Each structure stands twice: as structure tokens, then as C-alpha cells.
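Going by the deposited numbering, the final residue of the sequence shown carries number 330, and the count climbs one at a time with no gaps.
See structure below.
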Amino acid sequence: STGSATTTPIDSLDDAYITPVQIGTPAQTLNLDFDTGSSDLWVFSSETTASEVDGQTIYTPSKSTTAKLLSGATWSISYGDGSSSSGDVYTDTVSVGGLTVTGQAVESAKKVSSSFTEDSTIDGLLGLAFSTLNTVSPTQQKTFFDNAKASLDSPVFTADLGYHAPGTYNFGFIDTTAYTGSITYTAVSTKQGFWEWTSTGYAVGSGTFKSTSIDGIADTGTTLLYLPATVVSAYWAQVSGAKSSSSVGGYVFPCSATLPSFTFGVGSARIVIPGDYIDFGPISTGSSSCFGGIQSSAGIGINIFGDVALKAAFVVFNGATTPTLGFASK
Ligand SMILES: NCc1ccc(C(F)(F)F)cc1
Ligand SMILES: NCc1ccc(C(F)(F)F)cc1
């Protein structure tokens, strides 16, 4: 079987993408952030502290005839940005675009950090990294993808994120009408639990392609592109007036400038990120300084191919026994 769902940017900057997901019987529809950088399906719920909820749709297990409390199980997660949440665990039926999984672990948030409370458009996360990163204790739980793998026609899902426009998450099949040319596949290391791969190099604008290995993760749950300091310096050196700002915490540039494109290598193929994709607008309302979509990974410890890069391509997450990542222009 297969599944297909539309994903929609939450704001005018493509800061995140939400996808409707049906939980429980009868269905309770929540808009979740599909995150290939984590492995927990957690939701705002009727158990979440009342002061920590500001407009989100909540999951109510007491109204679901298929929800079962997973006795003794707890979860606690901390994200690379300092976000955090925790609670208990239910099992319930979960459907994504027609694709249904029974007995999926649904982690009910009892406490959420402020960054989640202030985001009224995101009702929770659906993790799509490898199940070894799941935080449920004492019994680790499988992701939605891992539980659906056996029933899928093909053990793959694809991300087709839009630039200021809706996109598509497909489960179980590859839409050959959604990309141009061929798909270039590259090896994935699962040793850290991520969709970790190695890019073959980069180029800035119309400049020479620099062949160099960049190890990083494909993360739909991260907004920006985080690359080594040498690469990021070479990019912003081509933008007049650009500078790294300690008070802002990243590279900023004059909003009147035009940004060059950024190319990254996938094997022998090249994915081109248009310069417009790197513009994330004024650092504050009315400011003439704009925030850059390519930032240094030095403070993070790992390079992250976030939405800025991924939305420039059709991306195949091949969860075969030897997992691979496929990239294609679109
Ligand atoms: N999108 C989930 C995520 C967030 C942060 C990280 C970090 F910081 F650990 F790399 C990995 C995955
Ligand atoms: N990378 C996972 C993630 C996704 C969204 C958020 C936000 F936007 F809610 F802060 C935090 C962490």
C-alpha cells in the first residue's frame, strides 16, 4: 500500500512545514511537523499543562476507542536548538494520507518548552529518522515509517518541499512525474541514527565547483543550511556588506543585496539552490538587515542539510536494508 499527503509552510518564510495526520478512532486530525532528524511521534494533548498550550489542536486519548496507555512508558526529548518536551505514551491508530498503522506509539506531551507553545500552527512532530533515536523508556518504540515498512509497496518515502508553496510527502512509491532527469543515489550511514550522507562538494554562484567531502544529515525538521565555517565564509564573501553578527547570532546581509545561488554535490550530480531560497528577510520588522539561510555549523558539531537545501530537490529516503538517499532536480 501507499500514502500521500500535502505539506504546507507555516509562514511566509518557510520556517517549517505542517502535514495533517489522523490519530485515533474516530479520527482526530493534527497538523504535525515531519522531522527526518528525530524519531519520536509526540503531540499536544489533553494531558499537556494548560498554561503551555496556546492555540494548538490537542490529542484527546479518552475520546479514542483505539487508544491504549502504554503502562510505565515515559519519554523525554531535547532538540539541537534547546527545545524540549516530555510525557507518557499511548498506542493508537495513525493514518497519513490514506496509509494507516495500528498500534503506533503516540507520545502525549505533558510538558513542552516555550518554543513549542509560541508556535500555534504546529500540533506536534512526526519523527522519521531511524528508530534507534526514539526516546521512549524503558521500551524503545518504532517510528511511523518503521511500522509501515512491511505494508508499503516499496520501503521508501519521498520529500518534495515547496518554496513558498505546498509540497508533498509520499510513502511507498516514487512519483516519476515530480522530478526532472535522473535520481542520484548516495550511501547513508545509520551509525548515529540519522539520514547521514556525504556531499561531494559545492560552488558559489557561477564559480568553480570545489571538490570536498561534506558529511551531513538530511533533516526536514531544520529550517536552514548549516555547513562548515570555511564553506559559509566563501559564500557570504560574495555578498556585498555581508557579515557575521554576534548579536544576531549568524550571517546577516543588506536586504537590498542580491544573493548568489549555492550548488552542492551528490555523487557526480549537482543540486542548485537559487539565491532567493537563502533570503530569510529582515532580522526585525522594518530593519534593512536580512538574515541568511546558510549558516555555520561550528557551534553545532554536525552539518545539517535542512529545508533550504532539501526544498531545491526531490529527495528519496530509501529505507531498504541498505539505506540510501536519492536526490533529483525539479
Ligand atoms: N530536526 C531534528 C534535529 C535537531 C537538531 C539536531 C542536532 F542539532 F543534534 F544536529 C539533529 C536533529
Ligand atoms: N528540529 C525539530 C524542531 C522543529 C520545530 C521546532 C520549533 F519550531 F517548534 F521550535 C523546534 C525543533
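All C-beta atoms, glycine included, are put in the ideal place defined by N, C-alpha and C.
Local Cβ density within 10 Å of residue i, reported as buried at 16 or more and exposed below that
{"i": "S62", "result": "exposed"}
{"i": "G281", "result": "exposed"}
{"i": "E107", "result": "buried"}
{"i": "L128", "result": "buried"}
{"i": "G301", "result": "exposed"}
{"i": "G293", "result": "buried"}
{"i": "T263", "result": "buried"}
{"i": "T29", "result": "exposed"}
{"i": "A237", "result": "exposed"}
{"i": "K68", "result": "exposed"}
{"i": "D54", "result": "exposed"}
{"i": "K243", "result": "exposed"}
{"i": "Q295", "result": "buried"}
{"i": "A105", "result": "buried"}
{"i": "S85", "result": "buried"}
{"i": "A229", "result": "exposed"}
{"i": "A187", "result": "exposed"}
{"i": "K191", "result": "exposed"}
{"i": "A50", "result": "exposed"}
Check: residue i C-beta below 6 Å from any heavy atom of ligand 1
{"i": "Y79", "result": "yes"}
{"i": "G37", "result": "yes"}
{"i": "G221", "result": "yes"}
{"i": "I18", "result": "no"}
{"i": "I300", "result": "yes"}
Residue i CB to nearest heavy atom of ligand 2 below 6 Å
{"i": "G55", "result": "no"}
{"i": "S83", "result": "yes"}
{"i": "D14", "result": "no"}
{"i": "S115", "result": "yes"}
{"i": "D119", "result": "yes"}
* To do: Enumerate, from N- to C-terminal direction, the unbroken beta strand (DSSP E) stretches of 3 or more residues contained entirely within the region 24-84.
  => 28-35, 41-43 and 68-78
* Do three or more CB pairs link the region 139-149 to the region 44-59 at distances below 8 Å? -> no
* Asked: Taking contact to mean at least 3 C-beta pairs separated by less than 8 Å, is the region 269-287 in contact with the region 213-221?
  -> no
* Asked: Are three or more beta carbon pairs between the region 307-321 and the region 264-274 nearer than 8 Å?
  -> yes
* Asked: Fully enclosed by the region 273-308, which beta strand (DSSP E) runs are 3 residues long or longer?
  -> 279-282, 289-292, 294-296 and 303-305
* Should the region 106-125 be regarded as contacting the region 153-168, the criterion being three or more beta carbon pairs within less than 8 Å? -> no
* Asked: Given 8 Å as the limit, is there contact between the region 189-202 and the region 41-56, that is, 3 or more CB pairs closer than that?
  -> no
* Which ranges would you report for the beta strand (DSSP E) in the region 217-266 if only whole runs of at least 3 residues count? -> 225-227, 243-245, 250-254 and 262-266
* Note down, one range per segment and in chain order, each beta strand (DSSP E) of at least 3 residues found wholly within the region 136-210. => 156-160, 167-171, 184-187 and 196-204
* Asked: Are the region 321-328 and the region 283-290 touching, with three or more C-beta to C-beta distances below 8 Å?
  -> no
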